[PDB]
Structures are given as structure tokens and as C-alpha cells.
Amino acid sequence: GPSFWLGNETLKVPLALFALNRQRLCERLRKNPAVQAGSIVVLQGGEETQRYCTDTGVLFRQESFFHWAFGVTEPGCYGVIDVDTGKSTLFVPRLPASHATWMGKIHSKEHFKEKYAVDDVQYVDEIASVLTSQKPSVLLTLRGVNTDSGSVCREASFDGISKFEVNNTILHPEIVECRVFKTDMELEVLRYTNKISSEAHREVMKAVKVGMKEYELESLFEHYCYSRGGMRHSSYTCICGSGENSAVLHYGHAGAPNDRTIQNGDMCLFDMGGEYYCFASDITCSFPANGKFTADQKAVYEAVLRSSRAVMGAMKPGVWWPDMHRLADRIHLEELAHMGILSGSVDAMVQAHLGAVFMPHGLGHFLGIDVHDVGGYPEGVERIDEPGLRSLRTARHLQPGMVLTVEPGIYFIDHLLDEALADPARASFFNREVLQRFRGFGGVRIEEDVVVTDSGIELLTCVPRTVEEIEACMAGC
């Protein structure tokens, strides 16, 4: 059948991918004992937006659940799925015949039907009529709480919906759960987003020169991803932290917009990932600006390399994700002790949650259509109220088909260091004369994207990682 493509060397994504998603959603819904026969899933697509009160258009990116189900790139659509039959209907805007002037061809409904391989296409203004005709028992709409933002999903509405029975509680947990497990077709797209983003990271490492602004590398990264990968969007705002900014976890946003001059001796921590057809990638590379690790930089870096590889090697079905977080903590503490920053029993350090002083964020998260993907905390899976672990975006056990980032890091963050040094249960583990050398060091994060397999993981990311590989890459070898 048909495929989404941006030509050149970009990936052809079969529209069958979305058909399979629709089938899987229906299969799950049919197993749910609360679901009535004759139910119809109703999703509302994103709409075109403008900046504030202006007419300045914002580039449209589809809403993630709607994209998962339909793969539709146009704004202003709806999509419905008969649960019992699996039959899909796309609803497209009826554009005035007088509109070929400003926006482009006025495509027929037949064009959209063949483009998206759905069962039927109707106009948005006909939705109440078309639904009334099907005599559904209930409309299943999307409403629930995203566990990363705390936002409530936008439930579909249309002129005439009040005439229907509507259930807005059943669908969200089921569609979330389907999104958690990537199909083989979805994995092909994620391999591709990781391929292009990995190439772009390598180009950035080759291009970095002392004296550049951080944003020069952001620009280069996005230019590679778009011109060579067809990635018009990134998956999140690029983090190009250099020097002390590598310790700033929330960096690159408008209040800290990648505007520091990279200096000789600085570490760089670049967390960037292109998006292709609404599928994410998320990769972080850390390396010395000047292309040569100092002894202290090599020590910190190789500690995170060790925890990265230990977590990847331990991951397999049945592994509890918080145990991976604690595994990384333990390794970091051992290496920070080997380095002389810490002294004493690593067992006692773990008991005092010292790892969270150095890695306050979660070890990694699900990834898919959203970079922080849905389904980390379904009902019955509890957040753990401890330093570090409270920041984890899932406390689930791993299963085949889950896609995770693995992103341990070690940072020297003054607020956290100083808090630990004030606490008698934690202060004694520090050698202050050694820690002093590391104030302003910045931080190192190594982030890989992986898929859980039947026996372990498959790594999607392909960037230089050892000190040797990084130095050779940056030397222009």
C-alpha cells in the first residue's frame, strides 16, 4: 500500500503501520469487560494555530494519539473507529472551492482515502450525521492525565455530540497501553530516527570548535536532520550545554537559550534528537570542547560510560526499572569513591541516597511518538518517594517491545552538593579538598535509545562512546 515519504534517502513509512495500531486498539477494547457492543472510538486531530493574537501561523504538528491511530498530517481532522468491525473513517475539512489560491490543491475525499488507506472519508461538517447513521451504543472519547505534564488529554467534541452517549474513561488507559508496545513497523521508524540523529551528533562532534556559540551546533544538528533526514521538527528543544551549563539539566529553553561561548577546557553535553513523521529520537553525547579529555574529565566520563553499559547489559524482560536506576547510582558512587571525591562504605552511601546528589533525574523513560512517551505510571504502578527515584518517569517492569532511553549522568550541582554537605549523614562521605576541584566541572550524560527484546535489548543509537572513539572523531580522523 501507500507510504509516507520525503524523497531522497528518507524512510518510506507504510500507512499499514497506522492500520495495525487501529486493529490492536480494537483488540484490546474488545477484551475490556466494560466496553459495549457497537462502541465507536472518536478522536479529534490537532488544529492549526497562530502566535498569540497575530496571524503568524505556527507550523502544524499532529496530536500524538491521533497520529498514532491515523498518521494524518493535515490540521482540522477527526477520525473514528468502529470497535466491533475495526472500520476506520477519516473526517477532513470541507475547503471552499475558492481556496486553491492560497494553500494548494483542494484534494477530493477519494484522494485522502487512498493516501491514508482508511475505509471511508467524509467531511468534518457531516460527523454528527455520519455517526447518527451508524447507531452506536456509545462514543469512546479520550480523556486522562498525562503522568509527565499533569495535563488532561483533549476529549473530542463536535456540533451534535450532546445527542450521543459518551464515555470518556475507558479509552485512555487502553490506547496508552497499546502505545507502550512498539510494533515492528514502529521500530523501523525509530531505528531510522536514531540513525539520522546519530549521524547528526557525529557531524556536530566533528564541527565543534572552541569559540563557537552553543546554538551554532543546535543549528547544524537541525540542518542535518532536516536536509538529510526529512526531519522538519526536533523531538524536543535541543540542549547544547557547555562548561558549567552541562550541569544545568533544564538548559536550552528561552530563559537559557544555548547562548554561551564554548571555552577551551569545557565539557559539552549535547542532548538532541530529530523527529520524523511524529516519531521521536533522544540522544545525548558528552565530550571535551577541545577534543581531548583531561584526567578528571576521563574519570567522570568513564564512570557514566560504565553505568550506561551496565544498565544496557542488565536490561531484559522482568527487570524492574527502579533496580536499573539504583544500579547506575551504585556504579557512580563506586567510581566517585575510586576518584577520591568520596570515601567510605558504598553500601552506606546507597542507604543515604547519595547517588541522587550526583544524578537527581530518572535513569530513563519510555520513548515513542512523544519523547517522554505515555504509559509510565498506569493505575496500580506507584511512584517511589526517594531522592532520584521520585524523578523516574516509569516504575514498571520491562517487557519486549518497550522502547526506553538509558541516560545515566553525573553532574556537580551546587544546590545539591551543599545540601548534602550540611547533612551529617551524608557530609562525611565527601573529601572536600577533592570535591573543590570539581565545582564548576559541569556534567556528563550518555543517552542511548534501546528496545527491549525477548532476551535483552537492541541498541538503536550509533555514536562514538569510548574516550578513544570520541577523540578520534573530534580530531577529524
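In case it trips you up, residue 1 is the first one in the sequence shown, and so on.
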query	finding
Comparing 153-161 with 394-402, the one whose average Cα B-factor in the PDB entry is higher	153-161
Which of 91-99 and 217-225 has higher mean CA B factor, as the PDB entry lists it	91-99
Identity of residue with top Cα B-factor, from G79, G104, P322, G355	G104
Which of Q436, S39, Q62, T54 ranks first by CA B-factor in the deposited coordinates	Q436
Assigned third (lowest, middle, highest) for the C-alpha B factor of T466	lowest
Record-listed C-alpha B factor of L416: chain third	middle
Cα B factor band for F293 (lowest, middle or highest third within the chain)	middle
Record-listed C-alpha B factor of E48: chain third	highest
Third of the chain's Cα B-factor distribution that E27 belongs to, per the entry	highest
